Structures are given as C-alpha cells and as structure tokens.
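As structure tokens, the structure follows; a few thoughts come after it.
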Amino acid sequence: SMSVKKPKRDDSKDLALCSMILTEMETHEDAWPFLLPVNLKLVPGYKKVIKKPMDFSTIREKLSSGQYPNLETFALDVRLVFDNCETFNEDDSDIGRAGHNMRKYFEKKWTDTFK
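116 is the number that the working numbering gives to position 41 of the sequence shown; each next residue is one higher, with no gaps.
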C-alpha cells in the first residue's frame, strides 16, 4: 500500500531474456504455422472467429518497440498464439499438434528462466 512495498525483484534483464525465449521459439522446427500473421484474405473464417490474431513476428515487433510493459504482457501474447491455434485447428492435425508442442516448449522455458 502507500509507502509499504515488497522487496524490488530485479527486472532489468527481462527484455533480453524474453528476446532469447522468442528466438528459441522462432527457430523451433514446429514454429512454421506461427511465424507470420494468418492471411485474413485467404483463410475463410479466420477473421470472424479469431478476435485477436497473434503471431511470432508481431510479438517480435512489439518487443523490439517497447510495446510490452512487463514480462506478463509478453507471456499473454505468446499464449494467445496457442489459444488461437487450438480454437481453429483440430488436435489431430499437423498445425494442431504443432501448437501443443510449442506451448509445452514455451512453458518450460518460461518456468526455467523466471520461476
């Protein structure tokens, strides 16, 4: 509360460490469905169904331009990428499986780096 604070967690490396995680996600072999925004002119249903599209390139641009206020807002966009994927793709599809794999990969890196 006013003039009563928990001890200051060092957040000075968060930007660099989120960039590293994101590099590792970008270079995973199953990243291909997620590298670029879904083409809303060529993919029927995507625009109406997926209210907040997100992809790795868009996260990279937001990161590089100071549009994440803190590491939690970064994790929310990464998770959004996988939540969107599950909303639109069957579990038993190459893209559906890609999404589950990437989410697992991300969540481990996240825990190991920050928890």
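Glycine is no exception: its CB is placed at the ideal position from the N, C-alpha and C atoms.
Query                                                                                                                   : Result
Exposed unless 16 or more other CB atoms sit within 10 angstroms - verdict on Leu97                                     : buried
Buried versus exposed call for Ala173 [16 or more other C-beta atoms within 10 Å across all chains shown]               : buried
Three-state class that DSSP yields for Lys116 in the structure shown                                                    : coil
Alpha helix (DSSP H) segment containing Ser140, residue limits                                                          : Neither: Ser140 is in no alpha helix (DSSP H) and is coded neither H nor E.
Residues of its chain near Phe109, where Cβ-Cβ distance is below 7 Å and the 5 sequence neighbours each way are ignored : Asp130, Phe131, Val156, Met177
Identity of the residue in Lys116, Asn164, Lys83, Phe149 nearest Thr133 by Cα                                           : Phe149
C-alpha distance - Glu161 paired with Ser87, whole-angstrom precision                                                   : 33 Å
CB of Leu138 within 9 Å of CB of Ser94, strictly                                                                        : yes
Contact belief for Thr188 with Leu92 at Cβ below 8 Å, rounded distance in angstroms                                     : 6 Å
Simplified DSSP state of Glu104, which is helix, strand or coil                                                         : helix
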